[PDB]
Amino acid sequence: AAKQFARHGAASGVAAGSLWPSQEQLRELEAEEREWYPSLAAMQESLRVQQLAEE
Amino acid sequence: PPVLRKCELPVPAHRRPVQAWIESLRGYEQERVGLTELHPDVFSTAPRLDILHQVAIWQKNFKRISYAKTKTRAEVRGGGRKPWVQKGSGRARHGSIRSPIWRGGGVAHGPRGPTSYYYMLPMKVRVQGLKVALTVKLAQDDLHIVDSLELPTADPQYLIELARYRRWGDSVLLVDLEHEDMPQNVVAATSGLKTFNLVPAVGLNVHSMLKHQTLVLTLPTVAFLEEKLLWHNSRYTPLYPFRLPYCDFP
Amino acid sequence: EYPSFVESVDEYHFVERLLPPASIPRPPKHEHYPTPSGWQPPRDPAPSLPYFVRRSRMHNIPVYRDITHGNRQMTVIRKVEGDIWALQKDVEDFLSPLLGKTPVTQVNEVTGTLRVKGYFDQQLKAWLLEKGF
Amino acid sequence: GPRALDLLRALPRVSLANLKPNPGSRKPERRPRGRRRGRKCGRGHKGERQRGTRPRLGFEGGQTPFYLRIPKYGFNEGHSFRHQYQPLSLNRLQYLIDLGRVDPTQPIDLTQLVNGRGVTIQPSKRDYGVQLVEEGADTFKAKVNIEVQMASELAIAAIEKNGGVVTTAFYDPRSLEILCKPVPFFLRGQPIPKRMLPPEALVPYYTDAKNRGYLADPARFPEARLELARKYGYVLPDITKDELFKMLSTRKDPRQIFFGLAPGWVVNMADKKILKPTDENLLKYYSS
Amino acid sequence: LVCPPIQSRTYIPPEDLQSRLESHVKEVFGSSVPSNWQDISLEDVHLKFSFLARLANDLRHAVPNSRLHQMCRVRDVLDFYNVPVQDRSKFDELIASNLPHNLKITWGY
Amino acid sequence: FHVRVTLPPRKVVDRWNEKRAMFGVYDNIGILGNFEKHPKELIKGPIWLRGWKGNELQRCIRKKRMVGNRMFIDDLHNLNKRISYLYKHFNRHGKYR
Ligand SMILES: [K+]
Ligand SMILES: [K+]
Ligand SMILES: [K+]
Ligand SMILES: [Mg+2]
Ligand SMILES: [Mg+2]
Ligand SMILES: [Mg+2]
Ligand SMILES: [Mg+2]
Ligand SMILES: [Mg+2]
Ligand SMILES: [Mg+2]
Ligand SMILES: [Mg+2]
Ligand SMILES: [Mg+2]
Ligand SMILES: [Mg+2]
Ligand SMILES: [Mg+2]
Ligand SMILES: [Mg+2]
Ligand SMILES: [Mg+2]
């Protein structure tokens, strides 16, 4: 259905709101990226600990 | 009122365009009613008679799907038991009554299943195949340009005598730019003839040209062919298929 | 629970910059030649010579190397129109002082390709550039 | 030109009855029939040769094979996870500009290089972008705002000599596939996703100002630029006084993929319109 | 739609070819020196059609498609009409070639 | 080795029927049609052999993948035995190895 919208869109007859993740899906996407991909602050401080430990 | 046609796409500087007469089918003697210029890179290219062999063979052996499937000794109905004990009988040793040696046995090496011969020549070779075929047709006076392709009547006998008067050979290939735009007089006249065939410009290829002894190109189709065939000289390799949107190729 | 969206047409000019061209652009005009990359455009008039050497679709001299059997080194000149035998003779006496002997060449008229035994691609490209092909 | 066309008038018409393949293109097949290729068919006399039951490839007849008596060492250990960078030489970068393949008036990034057929990137084969090499630093006279994924000291110095801007940015394989082939992505009917952060291994490379990292502190760029100018003895141009300063200062947000586009936008190419979300959660997720 | 009789592809150059060509040039060119009329160019598409069509309907011999890119000067078309064209095959040439009294040929098809 | 003693009725084949005259007309649909249909979308035949080519082993494997669930019981067994024999012959037999 999403591919038809990208092909025609106007003639596809599908609501454009279906292309974005739903609230149930958005919560799933929010948790997965947070738990697996850390933050820049966490990465920067993690490297400082190892650099101090090895030195 | 002469009908002229000057080449639109840039002709290379070191060469000059080739010219051919423009004819009309509205009358027997209505020939040489103008002059048209043909692009040298299409209608005056090198006469490659071996790049035509590859394309002509390709159009013959690219959709051939054989349907021959003989049954090997595994697929025969029976013969699941040893016919006679190997030692002591006094005859040659056998293991099944369906082996290829036996009368009713299978085939040791035969055509197996539907076999497909599908190979695609690179596109620039196929394009080069069309260019050389047109040049060969023009160089041997087998190419005639017809302006707008109209006929006085729908009688199929008119085309037969017209080709006889002008010595158009035995077979003539008539082309048109689009299917829905073909006039009713031409369609009805050529629908009852075998040696005369009408094909849209998109249905043109090497095998059809070599099948019919004479090729007829319409002036709108000539501009269509030069635009499509000269685009491959200065193009890029396809990052994604051209059916997808491109910056300057819709 | 479909969310809402806003349609705009003034933000589609960025997307038009992401479309590759299907045709090779002509080289832009430069005030000074040769260009820093060594590229030198062909002379405006066609040289008054029998044979002619077309440029590549990328606007470079069509002289290439080719190796076979791992020890056979050959130089190939492609896209030649006209009297090829004139090109062969001009090559023979051009490379004669450098080698002291006439180089071994193959002439393929059905294709329009001259094949020279050895790696002379750099010398040939300069030679054809001076003649303006 | 084609003097062979004159010969074609005298010769008869070319049809399907007289066509010959190029001589030497089709070597004939040899079948096992006759005295020569017969009674053995080129197999041998007895053994595993004539009966076709010779051992596998690499088996030396009971003796320990050559590929089993060599101790294991890690040459390809974790090769499927090592990052690869396609090299781009300044000789080729100069070559592209002279022929109009790319233009310095418009900012150049990875997408513009691909459309110019300069480099080909395969995201599947663990390619993380293009690295700038210094093969043609001496003859580089162009002025560009180029963005790559890895740069060398001499490559950066050569560009900054003419007054250019060099910036290194990291692209996740999910984003890099979109970046290299934008048109196929826009036909998938999916919102543009956020660009992911570099892993802990690649944080120092893009955070230090020596590598012109995209995540580096901008305050340390001017002092780092002057160090290269002092080191290689070239006068550092004042880039703020050039008329193309607006173009040369253009950058991308770390969460942004394309120029001027934003995560969460849907590009409807058929209608030539751009869609944007409205919900607070959708906007927050695509902008965090 | 009366069918005209089939034409014959046989051309013999007449003795007044010089006069016919120069007369045709004057009435359709009127451009260059009357003496050096054989050096006049045929580059213009309309002018070439105006000059070749008159010759075709006067000498009953039309320049084919292949040779049109060669006929660019007046001398080129003058030389073209100095070359006879024969429609008979080799056999018909042989069947009347003063054959010896012992050679007998029976064409039967 | 006895041969027939009567001349067979000569086959009067017409080279200009509908099939031969229109043979291979739209082979260049992609080249002269803005690249909208590849010439492989004109092949008529088996479902698993439209625009594909391979040896005997790759053909039998491909047939089992696509139309395997639609085949008859006896045909499904014979295909399995053909795959196993070809697998053993191609890998465990031959001269060049
Ligand atoms: K039987
Ligand atoms: K033998
Ligand atoms: K084998
Ligand atoms: Mg059995
Ligand atoms: Mg048993
Ligand atoms: Mg047995
Ligand atoms: Mg049987
Ligand atoms: Mg090679
Ligand atoms: Mg052999
Ligand atoms: Mg064989
Ligand atoms: Mg024997
Ligand atoms: Mg034996
Ligand atoms: Mg032995
Ligand atoms: Mg042992
Ligand atoms: Mg690669």
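Residues numbered from 1 in each chain as written, not as in the entry; some residues may be left out. Chains lettered and ligands numbered in written order. Part of a larger assembly, values for the part shown. Heavy atoms only, no water.

Section: the nonpolar core
Note the following rule: Buried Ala, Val, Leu, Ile, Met, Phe, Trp, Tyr and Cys residues form a nonpolar core when they are joined through side-chain atoms within 4.5 Å. Here the term buried applies to any residue with accessible area under 20% of the maximum for its type, exposed to any over 50%, and partly exposed to those in between, with areas from a 1.4 Å probe on protein chains only. In DSSP terms, a helix is any run of H or I states spanning at least four residues, a strand is any run of E spanning at least two, and both are numbered starting from the N terminus. Residues count as neighbours in contact if any of their non-hydrogen atoms are within 4.5 Å of one another.
In terms of nonpolar packing, the biggest core is built from 114 residues, with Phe43, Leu134, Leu215 and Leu217 of chain B together with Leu132, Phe186 and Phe258 of chain D touching the most fellow members. Per-element tally for this core: the top contributor is helix α3 (residues 123-139) of chain B, with seven residues. Sequence-distant contacts of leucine 215 of chain B, that is, excluding residues within four places in its chain, are made with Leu134, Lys137, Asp142, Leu143, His144, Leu173, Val175, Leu204 and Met209 of chain B. In this structure, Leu35 of chain B together with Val25, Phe51 and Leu52 of chain E belong to the second largest nonpolar core, which totals 26 residues.

Concerning the pairing of strand β5 (residues 172-176) of chain B
Residue and element names in this part refer to chain B. Filter applied, for reference: Strands are treated as partners if at least two bridges between them are detected by DSSP. By convention a crossover is right-handed if, when the strands point away from the viewer, the path from the first strand over the helix to the second runs clockwise.
Taking burial as the measure, the five residues of β5 include five buried ones, the bulk of the element. By the alternation rule, side chains of β5 split into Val172, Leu174 and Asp176 and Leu173 and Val175, which are all buried. Pairing of β5 with strand β6 (residues 196-200), which is carried by five bridges, proceeds in the parallel orientation. Within β6, the position partnered with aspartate 176 by the bridge is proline 200. With helix α5 (residues 184-190) bridging β5 and its parallel neighbour β6, the resulting β-α-β unit is right-handed. Where β5 meets strand β7 (residues 214-218), three bridges bridge the pair, whose relative direction is parallel. In the strand pairing of β7, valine 172 is matched with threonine 214.

Side note on the packing of helix α5 (residues 153-162) of chain D against helix α9 (residues 221-232) of chain D
Residue and element names in this part refer to chain D. Rule in force here: Note on method: axes are straight lines fitted to C-alpha atoms, helices fitted across the in-contact stretch only, with angles between N-to-C directions ranging 0 to 180 degrees. An angle counts as roughly parallel when it lies under 35 degrees, as roughly antiparallel when it exceeds 145, as roughly perpendicular when it falls between 65 and 115, and as oblique in every other case. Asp, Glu, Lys and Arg are counted as charged, while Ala, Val, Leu, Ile, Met, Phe, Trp, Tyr, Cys and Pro are counted as nonpolar; the rest, among them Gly, fall into the polar class.
Across the interface, α5 lies against α9 with an axial gap of 10 Å and an inter-helix angle of 95°. Accordingly, the angle class assigned to the pair α5 and α9 is roughly perpendicular. Between α5 and α9, the residues in contact are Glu153, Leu154, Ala157 and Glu160 and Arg225, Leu228 and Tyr232, respectively. Partitioning the contact of α5 with α9 into residue classes produces four nonpolar, no polar and three charged.

Considering the interface of chain B and chain F
What counts is decided by this rule: A quick way to say it: buried area is the sum, across both parts, of accessible area lost when two parts are put together, with a 1.4 Å probe. For this document, the term salt bridge refers to a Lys or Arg side-chain nitrogen within 4 Å of an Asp or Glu carboxyl oxygen. Two N or O atoms form a polar contact when they lie within 3.5 Å of each other; inside protein one atom must be a possible hydrogen donor and the other a possible acceptor, and for residues adjacent in sequence the pair counts only when both atoms belong to side chains.
Across the boundary between the two partners, chain B contributes 45 residues, which contact 34 residues of chain F. For the pair chain B and chain F, the two sides together bury roughly 3600 Å², of which 60% comes from carbon and sulfur. In terms of surface lost to chain F, no three residues of chain B exceed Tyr118, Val202 and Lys211 of chain B, which account for 17% of the buried area on that side. A salt bridge links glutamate 56 of chain F to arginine 112 of chain B, with the shortest nitrogen-to-oxygen separation between them at 3.8 Å. One can count 10 residue pairs in polar contact joining chain B with chain F. For the side of chain B that touches chain F, the secondary structure elements donating two or more residues are α3, β6, α6 (206-211) and α7 (219-229) of chain B. Here the residues of the side of chain B that touches chain F are counted per class, giving 23 nonpolar, 13 polar and nine charged.

Here we look at the UniProt feature "binding site: Mg(2+)" (unreviewed entry) in chain C
All names here are of chain C. Selection rule: UniProt positions are given in the numbering used here, feature names are shortened, and annotations may be inferred rather than shown by experiment.
The residues that UniProt annotates with the feature "binding site: Mg(2+)" (unreviewed entry) are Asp66. Structurally, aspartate 66 can be placed in strand β3 (residues 63-68). Looking at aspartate 66, the relative accessible area reads 33%, which means it is partly exposed. The contact partners of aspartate 66, leaving out residues within four places of it in the chain, are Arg72, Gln73, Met74, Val76, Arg115 and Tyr119.

As for the sheet that holds β3 of chain C
What links the strands of a sheet is backbone hydrogen bonding, and the strands pair in either a parallel or an antiparallel sense. Residue and element names in this part refer to chain C. The four strands lie next to each other as β3-β4-β7-β6, forming an open sheet whose pairing is antiparallel. The sheet is open, and its two edges are formed by β3 and β6 (105-108), each paired on a single side. Pairwise comparison of adjacent strand axes, ignoring direction, gives a mean angle of 25° for this sheet. As paired strands, strand β4 (residues 72-77) and strand β7 (residues 113-117) are joined by four bridges and run antiparallel to one another. Note that in β7 the partner of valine 76 across the bridge is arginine 115. Packed onto the sheet, helix α1 (residues 84-99) meets β4, β6 and β7 and runs at close to 165° relative to β6. On the sheet, helix α2 (residues 121-131) packs against β3 and β4 and is oriented at approximately 160° with respect to β3.

Regarding unusual backbone geometry
Only a minority of non-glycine residues have a phi that is not negative, and only a minority of peptide bonds are not trans. Of note, the bond from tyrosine 33 of chain C into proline 34 of chain C is cis; its omega dihedral lies within 30 degrees of zero at 0°. Relative to the assigned elements, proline 34 of chain C resides in the loop between β1 (5-8) and β2 (52-53). One non-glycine residue, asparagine 98 of chain E, lies in positive phi territory at about 55°. Mapped onto the elements, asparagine 98 of chain E comes out in the segment after α4 (90-95).

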